[PDB]
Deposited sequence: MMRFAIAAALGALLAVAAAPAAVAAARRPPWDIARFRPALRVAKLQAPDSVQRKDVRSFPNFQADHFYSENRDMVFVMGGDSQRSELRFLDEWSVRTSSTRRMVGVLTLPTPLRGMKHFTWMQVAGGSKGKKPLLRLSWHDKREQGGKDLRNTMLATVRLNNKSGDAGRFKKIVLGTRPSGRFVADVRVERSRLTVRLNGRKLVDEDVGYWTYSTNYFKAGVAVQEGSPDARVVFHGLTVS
């Protein structure tokens, strides 16, 4: 295992993100990558690997650029990645998002993996598009099934511009939504592993990741 920063094709994305993980694992969000590796963030097989367990706990890049949905310049994140079979006890983790930041509060989008959902689906991937930024019973969502977890790599490609949000998975446009009601100006991408519910370690393996 070696520092991810050793793999040059990860450097452009590393230069415009910081790595968030729990307070127990890191004093400060990581901003300097050369030489850095830990159990939660390392490179094996030339890939950049995030590993975290515990509900709410994350090992996730937080991209520093912040924008509104109305933006004329595309914001886009594309990842080539593998979700290895999760361990029994791992229920729900998020491997890409559009975070709503300080004004939005809640994520506009989460791309997540789930042991079980009903919409009876097992081992299934979800895009959740928030219809408002509200908590608990008051929140409204569009939940878009993304299908079964690929057993090997796949490509996820998230875009927003001019109030349109899309997500392509291996080229197929599975999410295509007007997000103009989401007026907040503090959105930004993240990628990695953020565990919603699960005690065992989840691991998310990136073969490439670029933002633009």
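Gaps between the deposited sequence and the modelled structure occur at positions 1 to 26, 146 to 148.
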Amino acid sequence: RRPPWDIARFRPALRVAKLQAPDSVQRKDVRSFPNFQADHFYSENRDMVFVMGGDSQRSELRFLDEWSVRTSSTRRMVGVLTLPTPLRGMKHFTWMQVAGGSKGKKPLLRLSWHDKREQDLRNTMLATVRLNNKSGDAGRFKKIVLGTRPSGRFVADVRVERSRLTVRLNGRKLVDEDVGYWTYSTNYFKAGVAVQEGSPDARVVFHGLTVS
From here on, numbers count along this sequence of modelled residues.
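Of the two stretches examined, 165 to 173 and 147 to 155, the record assigns the greater average C-alpha temperature factor to 147 to 155. 27 to 35 and 60 to 68 differ in mean CA B-factor, and the higher of the two is recorded for 27 to 35. Based on the entry's C-alpha B-factors, the most elevated value among 91, 105, 75, 110 belongs to 105. When the CA B factors of the chain's modelled residues are split into thirds, the value for residue 190 lands in the lowest one. Per the PDB record, residue ranking by Cα B-factor puts residue 138 in the highest third of the chain.
In the deposited entry, the Cα temperature factor of residue 42 sits in the middle third of values across the chain's modelled residues. Sorting the modelled residues of the chain by their CA temperature factor places residue 121 in the highest third. Per the PDB record, residue ranking by Cα B-factor puts residue 79 in the lowest third of the chain.
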